[PDB]
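Protein sequences appear in the order of chains H and A.
Just so you know, the entry's author numbering puts 4 at position 3 of the first sequence, and the rest follows in order with no gaps.
Just so you know, the entry's author numbering puts 106 at position 109 of the second sequence, and the rest follows in order with no gaps.
Note that CB positions come from ideal geometry on N, CA and C, so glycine has one too.
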Amino acid sequence: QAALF
Amino acid sequence: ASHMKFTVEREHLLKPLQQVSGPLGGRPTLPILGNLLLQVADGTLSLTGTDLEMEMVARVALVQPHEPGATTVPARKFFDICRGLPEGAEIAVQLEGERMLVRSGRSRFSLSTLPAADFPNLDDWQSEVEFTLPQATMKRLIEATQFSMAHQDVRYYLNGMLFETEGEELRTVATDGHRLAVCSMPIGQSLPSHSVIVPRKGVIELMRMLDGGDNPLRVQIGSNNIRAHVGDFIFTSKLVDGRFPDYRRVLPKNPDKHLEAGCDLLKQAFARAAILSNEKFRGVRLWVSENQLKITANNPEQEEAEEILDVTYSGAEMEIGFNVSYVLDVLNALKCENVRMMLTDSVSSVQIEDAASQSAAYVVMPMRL
């Protein structure tokens, strides 16, 4: 899972 | 003020008691936080519950002779007693020494008390902006975004919801760093600009006070507190410190791939695929091609779900992974006929939104599968 910020 | 006494119809007490017990519940700490503050003065009974971060006050008009005063009593036991009395009961309450007596019919209850002087109060504060709006509009705004709040992030500013006034609009934003939801609604008044973070438990409390049909909601916002008035209830919460993310910079810039699909068909396809996704990581794979979406899910057991759907899409083919729970949360919140997904590439966020409305927008960041 990647993050938006 | 030393000998509190009041008599009130049961039906005028039940909903106030239920409401003010909301901030209460688990985790015993200060004993008196399990109690409700009762205050009688000048034709009014006030009931207050608090968890130190927020407080809920209900006002009940007193018709019958009363004597002023204040005490605190165990919230759940007092509510359960009132609720257990018969319909139409008159409930006579009076402090007797260190006990609170509750009498109705030939029923007598003597409850323990703790001093009203010990009941915590939020510090005094000054409202900077105030506005009034239909409950239904606030309920919209919160239901559109609440599921995207973080729960216990170390980025503590994420464990809450941004409320923002801009022009004539009230906006909510919620994000946990993996997904974001934003919704704005017109308020019919020109507002100063304010941006405050309401703690997640305060969002839930605000939202449980919106039972009322057409009683309007009056909101006051200070630098460090928010207050909401509905009917005979007043809710006040502390705000969260921190710089909340700017949704304007989180929306995907110029997504070049525009897919449109039926919301219910898309939701049901993801819901079935999710059954065979990893129970912890929840990853599903989307393959987009000309007028078609393929969703696949696999788990450590090597089981596999595949759904193929006809959609509207003309553009380059691409594959992208997502946590299917995050996608299902968006689709559940949209409740519309057609959804639009706006994509860029396999490592970039996607924007999801009702094809027919731009009041709300959702951003989900992918997974590397």
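Along the alpha helix (DSSP H) that carries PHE128/A, what are the first and last residues, could you check?
-> Element bounds for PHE128/A: not the alpha helix (DSSP H) but the beta strand (DSSP E), 124 to 130.
Applying the criterion that 16 or more other CB atoms from any shown protein chain within 10 Å of the CB defines a buried residue, is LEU49/A buried or exposed?
-> exposed
Outcome for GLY102/A when other beta-carbon atoms lying within 10 angstroms are tallied against a minimum of 16 | exposed
4 or more residues per run - each alpha helix (DSSP H) lying fully within the segment 87 to 142 of chain A | 132 to 142
Per-residue DSSP class, three states only, for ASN329/A = helix
Separation of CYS180/A from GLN186/A, as counted between CA atoms = 18 Å
Can you list the alpha helix (DSSP H) stretches of 4 or more residues lying completely in the segment 143 to 175 of chain A, in chain order?
-> none
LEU340/A lies in the alpha helix (DSSP H); which residues open and close that run?
-> Careful: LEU340/A lies outside any alpha helix (DSSP H), inside the beta strand (DSSP E) at 335 to 340.
Check distances from the C-beta atoms of the segment 159 to 174 of chain A to those of chain H and list, in chain order, the residues that come in under 8 Å.
-> The residues in question are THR172 and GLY174.
Do the CB positions of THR69/A and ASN32/A come within less than 9 Å of each other?
-> yes
Under 9 Å by beta carbon: chain H residues contacting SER346/A | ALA3 and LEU5
Do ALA(-2)/A and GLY66/A come within 9 Å of each other at the CB atom, strictly closer than that value?
-> In contact: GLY66/A and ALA(-2)/A (Cβ atoms closer than 9 Å).
Closest residue to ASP77/A among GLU84/A, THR129/A and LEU14/A (Cα-Cα distance) | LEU14/A
C-beta atoms of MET339/A and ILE349/A nearer than 9 Å = yes
To which residues does DSSP link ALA268/A through a beta bridge?
-> In the DSSP output, where bridge partners are listed per residue, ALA268/A has none listed.
On the three-state DSSP scale, how would you describe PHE75/A?
-> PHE75/A: helix per DSSP, three-state reduction.
Does the beta carbon of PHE232/A sit closer than 9 Å to a beta carbon anywhere in chain B?
-> In the structure shown, chain B cannot be found, because the protein chains are H and A.
Which whole runs of the beta strand (DSSP E) in the segment 38 to 72 of chain A are 3 residues long or more, in chain order?
-> Those beta strand (DSSP E) runs which fall completely within the segment 38 to 72 of chain A and span 3+ residues are 41 to 47, 51 to 58 and 64 to 71.
How many whole angstroms separate the CB atoms of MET204/A and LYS291/A, which I take to be in contact at a CB cut-off of 8 Å?
-> Your pair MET204/A and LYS291/A does not check out as a contact, with CB atoms roughly 38 Å apart and the cut at 8 Å.
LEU263/A versus chain H: which residues are under 8 Å apart at the beta carbon?
-> In chain order: nothing, as chain H lies at least about 21 Å away.
Answer yes or no: does any C-beta atom of chain H fall closer than 9 Å to that of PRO242/A?
-> yes
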